[PDB]
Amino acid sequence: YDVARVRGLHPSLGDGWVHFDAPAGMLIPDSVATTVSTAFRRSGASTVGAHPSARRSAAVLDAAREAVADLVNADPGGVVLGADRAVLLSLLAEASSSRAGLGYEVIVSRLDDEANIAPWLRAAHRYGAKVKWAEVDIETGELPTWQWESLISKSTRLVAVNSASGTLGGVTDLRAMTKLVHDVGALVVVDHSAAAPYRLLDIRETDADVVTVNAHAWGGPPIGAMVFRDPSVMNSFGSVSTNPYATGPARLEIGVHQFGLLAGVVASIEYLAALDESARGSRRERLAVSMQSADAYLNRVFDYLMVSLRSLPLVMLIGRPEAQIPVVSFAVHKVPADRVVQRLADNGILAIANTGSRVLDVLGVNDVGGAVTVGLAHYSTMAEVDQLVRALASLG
């Protein structure tokens, strides 16, 4: 893995800011920005018509489904594209109104992003299902595997969970959960958005019924995708398309496709596939090699960060996960998160003052003064971590 090369892909780097704000969205690689620029200009209004631009649009749409399918090892026929994972989850929750009806139960996770909590709560409130919560362990921040047996009942119809936390960094163990949920005929919805920049999810191996990703997370355009493991499951969902003759994933797509952005999605996934310049094979094969190489490198950088954070006397790490993406939240003794973030900003360092996380509420963190969240990207270096730690050391 050659971080110097990857940094070369990012014109927005070296501009006076050190980016530890990855969890809010990584920087846009030049290849993505240039693709969106040309595709927006050259893509037809519609996939229909005799003009070359219409065929370009049709081509972009197909390429985007194929690229997302490669990312999660699915079939393109199961890839639904929309503006954001949050919009797609909202659409799914509405399409699943019967599952959120009187007598049923819907499980959501205290560890999830609001995007994969709010619409399920909203559906339950509107239609009558009981909400059950998967809870975290207070002195680890993880979703313990042993709780799923008591949570899941014959009434369970929908389970919404994340593959990892974009606040605490912990990767969730869903293996037991998935079996139990399937045992009662419930739908398993996995939000892979926080982890997708770092880890490949194999929808065939994990057995999730639906997986969501958000391209914005890895420096792609703001486009989300909702991938069904079994495309047959989509015709169980009522159509929302304004085209009464729609078939396949188009049935779950509302409004004009955003072809310029979709072209950027393809390019952003190609960026992931090319992180290791030596990677050879199909796109899926190259993603595997490149993501592992990047993972190895980020593991080293993150270890240095974590050792450094532990060494800072006033820094209080929130949670401690067994497996991780390179994202960590912490508080500084008698220095509220907003002040930490402002101090960092004064030193040209960008971090996140984590605002509306349920898990942070639960851990009692937003009751002292909040948490600071930092995350690594593929262009992050050891020198940047040293700068962050020295800046944190300067605080009271």
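Just count from 1 along the sequence shown to find any residue number.
- 210-218 and 174-182 differ in mean CA B-factor, and the higher of the two is recorded for 174-182.
- As listed in the deposited structure, the average C-alpha B-factor of 338-346 and of 30-38 is greater for 338-346.
- Ranking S239, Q258, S308, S193 by Cα temperature factor from the entry places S239 first.
- Reading the B-factor column for the CA atoms of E253, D84, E270, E135 in the entry, the top value corresponds to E135.
- In this PDB entry, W120 carries a Cα temperature factor that places it within the lowest third of its chain's modelled residues.
- Per-chain ranking of the deposited C-alpha B factor places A54 in the lowest third.
- For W146, the recorded CA temperature factor ranks within the highest third of the chain's modelled residues.
- When the modelled residues of the chain are ordered by C-alpha B-factor, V389 sits in the lowest third.
- Among all modelled residues in this chain, the alpha-carbon of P231 has a temperature factor (C-alpha) in the highest third.
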